[PDB]
Each structure stands twice: as C-alpha cells, then as structure tokens.
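What's in data_23.cif: mmCIF, N, CA and C atoms
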data_final
loop_
_atom_site.label_atom_id
_atom_site.label_comp_id
_atom_site.auth_asym_id
_atom_site.auth_seq_id
_atom_site.Cartn_x
_atom_site.Cartn_y
_atom_site.Cartn_z
N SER A 3625 8.24 3.73 35.69
CA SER A 3625 9.32 4.69 35.52
C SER A 3625 10.64 4.00 35.21
N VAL A 3626 10.95 2.91 35.92
CA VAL A 3626 12.22 2.24 35.66
C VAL A 3626 12.19 1.52 34.31
N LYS A 3627 11.02 1.03 33.88
CA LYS A 3627 10.93 0.44 32.55
C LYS A 3627 11.15 1.48 31.45
N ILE A 3628 10.56 2.67 31.62
CA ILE A 3628 10.76 3.75 30.65
C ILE A 3628 12.22 4.17 30.62
N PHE A 3629 12.86 4.25 31.79
CA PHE A 3629 14.27 4.61 31.83
C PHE A 3629 15.15 3.54 31.20
N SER A 3630 14.77 2.26 31.35
CA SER A 3630 15.51 1.19 30.68
C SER A 3630 15.40 1.31 29.17
N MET A 3631 14.20 1.61 28.67
CA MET A 3631 14.03 1.84 27.23
C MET A 3631 14.87 3.02 26.76
N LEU A 3632 14.88 4.10 27.54
CA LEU A 3632 15.62 5.29 27.14
C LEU A 3632 17.12 5.06 27.18
N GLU A 3633 17.61 4.27 28.14
CA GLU A 3633 19.04 3.98 28.15
C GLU A 3633 19.42 2.99 27.05
N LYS A 3634 18.49 2.13 26.63
CA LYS A 3634 18.72 1.34 25.42
C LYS A 3634 18.87 2.25 24.20
N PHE A 3635 18.01 3.26 24.10
CA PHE A 3635 18.16 4.25 23.03
C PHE A 3635 19.50 4.97 23.14
N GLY A 3636 19.91 5.30 24.37
CA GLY A 3636 21.16 6.01 24.56
C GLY A 3636 22.38 5.19 24.19
N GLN A 3637 22.36 3.89 24.50
CA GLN A 3637 23.48 3.04 24.10
C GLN A 3637 23.40 2.64 22.63
N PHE A 3638 22.27 2.86 21.96
CA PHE A 3638 22.24 2.67 20.52
C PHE A 3638 23.06 3.74 19.81
N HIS A 3639 22.66 5.01 19.96
CA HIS A 3639 23.31 6.14 19.31
C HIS A 3639 23.76 7.14 20.36
N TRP A 3640 24.92 7.76 20.11
CA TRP A 3640 25.53 8.62 21.13
C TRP A 3640 24.69 9.87 21.40
N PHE A 3641 24.10 10.45 20.36
CA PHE A 3641 23.31 11.66 20.55
C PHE A 3641 21.98 11.39 21.24
N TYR A 3642 21.50 10.15 21.21
CA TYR A 3642 20.18 9.81 21.73
C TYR A 3642 20.21 9.38 23.19
N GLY A 3643 21.16 9.89 23.96
CA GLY A 3643 21.28 9.52 25.36
C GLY A 3643 20.17 10.11 26.21
N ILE A 3644 20.10 9.62 27.44
CA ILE A 3644 19.10 10.05 28.41
C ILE A 3644 19.79 10.38 29.72
N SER A 3645 19.34 11.46 30.36
CA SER A 3645 19.88 11.92 31.63
C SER A 3645 18.89 11.63 32.74
N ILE A 3646 19.40 11.14 33.87
CA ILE A 3646 18.54 10.84 35.01
C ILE A 3646 17.95 12.12 35.59
N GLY A 3647 18.75 13.19 35.66
CA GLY A 3647 18.23 14.46 36.14
C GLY A 3647 17.16 15.03 35.23
N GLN A 3648 17.32 14.84 33.92
CA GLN A 3648 16.28 15.25 32.98
C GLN A 3648 14.99 14.48 33.22
N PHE A 3649 15.10 13.18 33.50
CA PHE A 3649 13.91 12.38 33.78
C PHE A 3649 13.21 12.83 35.05
N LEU A 3650 13.98 13.12 36.11
CA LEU A 3650 13.37 13.62 37.34
C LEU A 3650 12.74 14.99 37.14
N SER A 3651 13.38 15.86 36.35
CA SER A 3651 12.80 17.17 36.06
C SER A 3651 11.49 17.02 35.29
N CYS A 3652 11.45 16.11 34.32
CA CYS A 3652 10.21 15.87 33.58
C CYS A 3652 9.12 15.33 34.49
N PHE A 3653 9.46 14.39 35.38
CA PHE A 3653 8.46 13.84 36.28
C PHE A 3653 7.95 14.89 37.27
N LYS A 3654 8.83 15.78 37.72
CA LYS A 3654 8.40 16.88 38.58
C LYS A 3654 7.47 17.83 37.84
N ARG A 3655 7.79 18.12 36.57
CA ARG A 3655 6.94 19.02 35.80
C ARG A 3655 5.61 18.37 35.42
N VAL A 3656 5.53 17.03 35.46
CA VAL A 3656 4.23 16.36 35.34
C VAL A 3656 3.29 16.83 36.45
N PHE A 3657 3.77 16.82 37.69
CA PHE A 3657 2.94 17.27 38.80
C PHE A 3657 2.79 18.78 38.83
N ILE A 3658 3.79 19.50 38.32
CA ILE A 3658 3.68 20.96 38.23
C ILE A 3658 2.54 21.35 37.29
N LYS A 3659 2.48 20.72 36.13
CA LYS A 3659 1.42 21.00 35.17
C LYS A 3659 0.27 20.00 35.31
N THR A 3669 -10.21 6.47 40.22
CA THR A 3669 -9.05 6.28 39.36
C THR A 3669 -8.15 7.51 39.38
N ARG A 3670 -7.08 7.44 40.16
CA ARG A 3670 -6.12 8.53 40.28
C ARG A 3670 -4.72 8.13 39.87
N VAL A 3671 -4.22 7.01 40.40
CA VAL A 3671 -2.85 6.57 40.11
C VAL A 3671 -2.67 6.32 38.62
N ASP A 3672 -3.70 5.78 37.97
CA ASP A 3672 -3.65 5.64 36.52
C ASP A 3672 -3.60 6.99 35.83
N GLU A 3673 -4.18 8.03 36.44
CA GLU A 3673 -4.09 9.36 35.85
C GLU A 3673 -2.67 9.92 35.95
N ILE A 3674 -2.00 9.72 37.10
CA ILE A 3674 -0.59 10.10 37.17
C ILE A 3674 0.24 9.31 36.16
N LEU A 3675 -0.05 8.02 35.99
CA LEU A 3675 0.71 7.21 35.03
C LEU A 3675 0.48 7.69 33.60
N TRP A 3676 -0.77 8.03 33.26
CA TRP A 3676 -1.09 8.57 31.94
C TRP A 3676 -0.37 9.88 31.70
N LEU A 3677 -0.40 10.78 32.68
CA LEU A 3677 0.30 12.06 32.54
C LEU A 3677 1.80 11.86 32.41
N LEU A 3678 2.34 10.87 33.12
CA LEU A 3678 3.77 10.56 33.02
C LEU A 3678 4.13 10.13 31.61
N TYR A 3679 3.38 9.18 31.04
CA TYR A 3679 3.66 8.73 29.68
C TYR A 3679 3.53 9.87 28.68
N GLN A 3680 2.44 10.64 28.77
CA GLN A 3680 2.20 11.72 27.82
C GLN A 3680 3.30 12.77 27.89
N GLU A 3681 3.71 13.15 29.11
CA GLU A 3681 4.69 14.21 29.23
C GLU A 3681 6.09 13.73 28.87
N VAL A 3682 6.44 12.49 29.22
CA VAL A 3682 7.77 12.00 28.85
C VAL A 3682 7.89 11.89 27.34
N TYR A 3683 6.79 11.52 26.65
CA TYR A 3683 6.83 11.54 25.19
C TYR A 3683 6.93 12.97 24.67
N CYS A 3684 6.11 13.88 25.20
CA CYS A 3684 6.09 15.25 24.69
C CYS A 3684 7.42 15.96 24.91
N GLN A 3685 8.21 15.52 25.89
CA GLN A 3685 9.51 16.12 26.10
C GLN A 3685 10.62 15.43 25.30
N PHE A 3686 10.66 14.10 25.31
CA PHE A 3686 11.79 13.38 24.73
C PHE A 3686 11.53 12.88 23.31
N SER A 3687 10.42 13.28 22.69
CA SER A 3687 10.24 12.97 21.28
C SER A 3687 11.09 13.87 20.39
N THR A 3688 11.25 15.13 20.78
CA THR A 3688 11.98 16.09 19.96
C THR A 3688 13.47 15.81 19.89
N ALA A 3689 14.00 14.96 20.76
CA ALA A 3689 15.41 14.59 20.73
C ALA A 3689 15.68 13.39 19.84
N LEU A 3690 14.67 12.89 19.14
CA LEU A 3690 14.78 11.74 18.27
C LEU A 3690 14.36 12.12 16.86
N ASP A 3691 14.87 11.40 15.87
CA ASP A 3691 14.43 11.58 14.50
C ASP A 3691 13.06 10.94 14.30
N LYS A 3692 12.55 11.00 13.07
CA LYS A 3692 11.19 10.55 12.81
C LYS A 3692 11.03 9.05 13.01
N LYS A 3693 12.00 8.26 12.54
CA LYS A 3693 11.88 6.81 12.64
C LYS A 3693 11.87 6.36 14.10
N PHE A 3694 12.78 6.90 14.91
CA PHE A 3694 12.75 6.58 16.33
C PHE A 3694 11.58 7.25 17.04
N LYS A 3695 11.01 8.31 16.46
CA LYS A 3695 9.76 8.85 16.98
C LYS A 3695 8.65 7.80 16.89
N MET A 3696 8.51 7.16 15.72
CA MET A 3696 7.53 6.07 15.61
C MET A 3696 7.89 4.90 16.52
N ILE A 3697 9.18 4.55 16.61
CA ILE A 3697 9.63 3.50 17.52
C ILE A 3697 9.13 3.75 18.93
N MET A 3698 9.48 4.92 19.48
CA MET A 3698 9.19 5.20 20.88
C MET A 3698 7.70 5.38 21.12
N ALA A 3699 6.99 6.00 20.17
CA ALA A 3699 5.55 6.17 20.33
C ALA A 3699 4.83 4.83 20.37
N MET A 3700 5.12 3.96 19.40
CA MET A 3700 4.43 2.68 19.35
C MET A 3700 4.82 1.80 20.53
N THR A 3701 6.08 1.86 20.99
CA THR A 3701 6.45 1.00 22.11
C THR A 3701 5.89 1.51 23.44
N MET A 3702 5.74 2.83 23.62
CA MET A 3702 5.04 3.30 24.81
C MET A 3702 3.57 2.93 24.78
N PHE A 3703 2.92 3.04 23.62
CA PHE A 3703 1.53 2.62 23.52
C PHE A 3703 1.38 1.14 23.83
N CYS A 3704 2.31 0.32 23.31
CA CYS A 3704 2.29 -1.11 23.58
C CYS A 3704 2.49 -1.40 25.06
N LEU A 3705 3.44 -0.72 25.70
CA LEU A 3705 3.72 -0.98 27.11
C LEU A 3705 2.53 -0.61 27.99
N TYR A 3706 1.94 0.57 27.74
CA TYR A 3706 0.78 1.00 28.51
C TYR A 3706 -0.39 0.04 28.31
N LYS A 3707 -0.63 -0.38 27.07
CA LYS A 3707 -1.76 -1.26 26.80
C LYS A 3707 -1.54 -2.66 27.34
N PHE A 3708 -0.28 -3.11 27.41
CA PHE A 3708 0.01 -4.38 28.07
C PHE A 3708 -0.25 -4.29 29.56
N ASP A 3709 0.09 -3.15 30.17
CA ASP A 3709 -0.19 -2.97 31.59
C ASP A 3709 -1.69 -2.93 31.86
N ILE A 3710 -2.46 -2.29 30.99
CA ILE A 3710 -3.87 -2.04 31.28
C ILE A 3710 -4.75 -3.22 30.87
N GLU A 3711 -4.65 -3.68 29.63
CA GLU A 3711 -5.61 -4.62 29.08
C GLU A 3711 -5.25 -6.06 29.46
N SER A 3712 -5.93 -7.02 28.83
CA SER A 3712 -5.87 -8.43 29.18
C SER A 3712 -4.84 -9.16 28.31
N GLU A 3713 -4.82 -10.49 28.43
CA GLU A 3713 -3.84 -11.31 27.72
C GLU A 3713 -4.17 -11.46 26.24
N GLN A 3714 -5.46 -11.60 25.91
CA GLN A 3714 -5.85 -11.73 24.50
C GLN A 3714 -5.52 -10.46 23.73
N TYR A 3715 -5.70 -9.31 24.37
CA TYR A 3715 -5.31 -8.04 23.76
C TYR A 3715 -3.81 -8.01 23.49
N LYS A 3716 -3.01 -8.48 24.45
CA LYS A 3716 -1.56 -8.53 24.28
C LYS A 3716 -1.17 -9.45 23.14
N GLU A 3717 -1.84 -10.61 23.03
CA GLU A 3717 -1.57 -11.52 21.93
C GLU A 3717 -1.92 -10.88 20.59
N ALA A 3718 -3.03 -10.14 20.54
CA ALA A 3718 -3.40 -9.43 19.32
C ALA A 3718 -2.35 -8.39 18.94
N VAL A 3719 -1.84 -7.65 19.93
CA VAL A 3719 -0.83 -6.63 19.65
C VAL A 3719 0.47 -7.26 19.16
N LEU A 3720 0.90 -8.36 19.80
CA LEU A 3720 2.11 -9.05 19.35
C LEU A 3720 1.95 -9.61 17.94
N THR A 3721 0.77 -10.16 17.62
CA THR A 3721 0.55 -10.66 16.26
C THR A 3721 0.55 -9.52 15.25
N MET A 3722 0.00 -8.36 15.63
CA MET A 3722 0.02 -7.20 14.74
C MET A 3722 1.45 -6.72 14.48
N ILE A 3723 2.27 -6.67 15.53
CA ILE A 3723 3.67 -6.27 15.35
C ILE A 3723 4.42 -7.31 14.53
N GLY A 3724 4.09 -8.59 14.71
CA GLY A 3724 4.74 -9.63 13.93
C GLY A 3724 4.40 -9.57 12.46
N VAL A 3725 3.12 -9.34 12.13
CA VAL A 3725 2.75 -9.21 10.72
C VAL A 3725 3.29 -7.90 10.15
N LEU A 3726 3.53 -6.90 11.01
CA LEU A 3726 4.27 -5.73 10.56
C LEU A 3726 5.76 -6.03 10.38
N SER A 3727 6.28 -7.05 11.05
CA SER A 3727 7.68 -7.44 10.95
C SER A 3727 7.92 -8.59 9.99
N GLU A 3728 6.88 -9.05 9.28
CA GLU A 3728 6.95 -10.18 8.35
C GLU A 3728 7.42 -11.46 9.04
N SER A 3729 7.14 -11.59 10.34
CA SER A 3729 7.56 -12.75 11.11
C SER A 3729 6.39 -13.59 11.61
N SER A 3730 5.45 -12.98 12.32
CA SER A 3730 4.28 -13.67 12.84
C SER A 3730 3.09 -13.33 11.95
N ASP A 3731 2.89 -14.12 10.90
CA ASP A 3731 1.80 -13.93 9.95
C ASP A 3731 0.70 -14.91 10.32
N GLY A 3732 -0.33 -14.42 11.00
CA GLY A 3732 -1.40 -15.30 11.45
C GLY A 3732 -2.56 -14.50 12.00
N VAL A 3733 -3.60 -15.23 12.38
CA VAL A 3733 -4.82 -14.62 12.91
C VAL A 3733 -4.55 -14.06 14.30
N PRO A 3734 -5.07 -12.88 14.65
CA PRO A 3734 -4.94 -12.39 16.02
C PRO A 3734 -6.11 -12.82 16.90
N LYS A 3735 -6.08 -12.43 18.17
CA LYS A 3735 -7.20 -12.67 19.08
C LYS A 3735 -8.19 -11.51 19.02
N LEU A 3736 -8.77 -11.33 17.83
CA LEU A 3736 -9.68 -10.22 17.59
C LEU A 3736 -11.01 -10.48 18.28
N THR A 3737 -11.48 -9.49 19.04
CA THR A 3737 -12.73 -9.61 19.78
C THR A 3737 -13.85 -8.83 19.09
N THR A 3740 -15.01 -4.74 21.56
CA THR A 3740 -14.66 -3.87 22.68
C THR A 3740 -13.45 -3.01 22.34
N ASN A 3741 -12.40 -3.66 21.82
CA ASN A 3741 -11.17 -2.97 21.43
C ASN A 3741 -11.40 -2.38 20.04
N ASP A 3742 -12.06 -1.22 20.02
CA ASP A 3742 -12.54 -0.64 18.76
C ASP A 3742 -11.39 -0.26 17.83
N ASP A 3743 -10.30 0.27 18.38
CA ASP A 3743 -9.19 0.72 17.56
C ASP A 3743 -8.47 -0.42 16.85
N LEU A 3744 -8.66 -1.66 17.30
CA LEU A 3744 -8.02 -2.80 16.66
C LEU A 3744 -8.57 -3.05 15.26
N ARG A 3745 -9.89 -2.90 15.08
CA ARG A 3745 -10.44 -3.01 13.73
C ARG A 3745 -9.96 -1.88 12.83
N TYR A 3746 -9.73 -0.68 13.38
CA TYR A 3746 -9.17 0.40 12.58
C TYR A 3746 -7.72 0.10 12.20
N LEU A 3747 -6.95 -0.49 13.11
CA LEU A 3747 -5.60 -0.93 12.78
C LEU A 3747 -5.61 -2.00 11.70
N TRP A 3748 -6.57 -2.92 11.77
CA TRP A 3748 -6.69 -3.95 10.74
C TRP A 3748 -7.09 -3.34 9.40
N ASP A 3749 -7.95 -2.32 9.42
CA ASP A 3749 -8.29 -1.61 8.19
C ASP A 3749 -7.06 -0.92 7.60
N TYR A 3750 -6.21 -0.36 8.47
CA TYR A 3750 -4.97 0.26 8.00
C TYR A 3750 -4.02 -0.78 7.40
N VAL A 3751 -3.92 -1.95 8.01
CA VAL A 3751 -2.89 -2.90 7.60
C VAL A 3751 -3.34 -3.80 6.44
N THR A 3752 -4.65 -4.01 6.26
CA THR A 3752 -5.12 -4.84 5.16
C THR A 3752 -4.89 -4.18 3.81
N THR A 3753 -5.01 -2.86 3.75
CA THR A 3753 -4.73 -2.11 2.54
C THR A 3753 -3.24 -1.84 2.34
N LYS A 3754 -2.39 -2.47 3.17
CA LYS A 3754 -0.93 -2.31 3.14
C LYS A 3754 -0.52 -0.85 3.35
N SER A 3755 -1.31 -0.11 4.12
CA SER A 3755 -0.97 1.26 4.50
C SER A 3755 -0.10 1.19 5.74
N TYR A 3756 1.17 0.83 5.52
CA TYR A 3756 2.10 0.63 6.62
C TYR A 3756 2.38 1.92 7.38
N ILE A 3757 2.50 3.04 6.66
CA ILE A 3757 2.80 4.31 7.30
C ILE A 3757 1.63 4.76 8.17
N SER A 3758 0.40 4.55 7.70
CA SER A 3758 -0.77 4.90 8.50
C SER A 3758 -0.86 4.04 9.76
#

Please express what this file holds, its structure, as structure tokens.
Amino acid sequence: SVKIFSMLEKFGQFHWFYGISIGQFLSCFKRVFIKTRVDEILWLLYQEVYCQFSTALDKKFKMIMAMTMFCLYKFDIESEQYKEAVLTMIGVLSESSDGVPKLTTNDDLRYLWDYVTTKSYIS
C-alpha cells in the first residue's frame, strides 16, 4: 500500500491534475473489502486501485501505471530470474538494455517476445 501511494504521489508531483488523495486511497481500500488469502486481498487491492484511478489519467499514463503495477506485483511474487527477464524486456523497450533475457513456466513471456520481435510496440 505504501509503495502504491509513493507511485501515486510521484504521479501527483509530476502533473498538477494527476494528484492523489489519502482519503481517496482509504475509501478505495475500504471498498475493496466492501465488494492463499492474503495474496487474494493484495490482488483485489491492485485490481481495484487500478479500476478506480485509471480514469483520472490519460492513455499514456494509463499504460505507465498498468505496466508498472504488473511489474511490481510480479517482482513481489516471482523469482529473481523472472525479475531480470522483466528488466531486460523494459530495457529493450527503452533502447537501453539490448540483450538476452533469463528466458525459461512463465508462458506469457514468450507471448511478450512474440509481440516485441515483430516490433509491435503498442501490443
């Protein structure tokens, strides 16, 4: 929760309209409970905070926030080689880290590689 709030306050200090309210965050977290267990609360928290605070951002920051929440959750859940693969994927998307990833189970990674080899950046 505090990491998500730090990301949201970074967004708020970027642009004036993109601010975040602490009371809004508590209301969203309460409505999570209104609408392996602890991981299920964490999953519902991520899904609901995105579903509420995505509409306050434009499309480009929508992709920003979506991909960075997916990255944060997957760093928390998966292993170190997975994290290295994700960082290498973001680097080759950033034209900075152009190299082989720790490709292995992680089925969606081959689909991401299929998307990126054809230079389908938007996909």

How close does segment 3673-3703 of chain A get to segment 3707-3731 of chain A? List, as CSV, each residue of segment 3673-3703 of chain A within 8 Å, its nearest atom pair and the distance in Å to one decimal, counting only N, CA and C atoms.
residue,atom,partner,partner_atom,distance
A:3701,C,A:3707,N,7.7
A:3702,C,A:3707,N,5.8
A:3703,C,A:3707,N,4.1

**Message:** With 12 Å as the threshold, what does the neighbourhood of (5.1, 13.1, 28.0) contain in terms of residues, counting only C-alpha atoms? Coordinates are those of the file; answer as an MDAnalysis selection string.
**Reply:** chainID A and resid 3628 3649 3651:3657 3659 3674:3688 3698:3699 3702:3703

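Computed from the coordinates, the atom CA of residue 3638 of chain A to atom CA of residue 3757 of chain A distance equals 23.6 Å.
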
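One finds atom CA of residue 3672 of chain A at 18.9 Å from atom C of residue 3650 of chain A.
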
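Atom N of residue 3658 of chain A is found 23.0 Å from atom C of residue 3631 of chain A.
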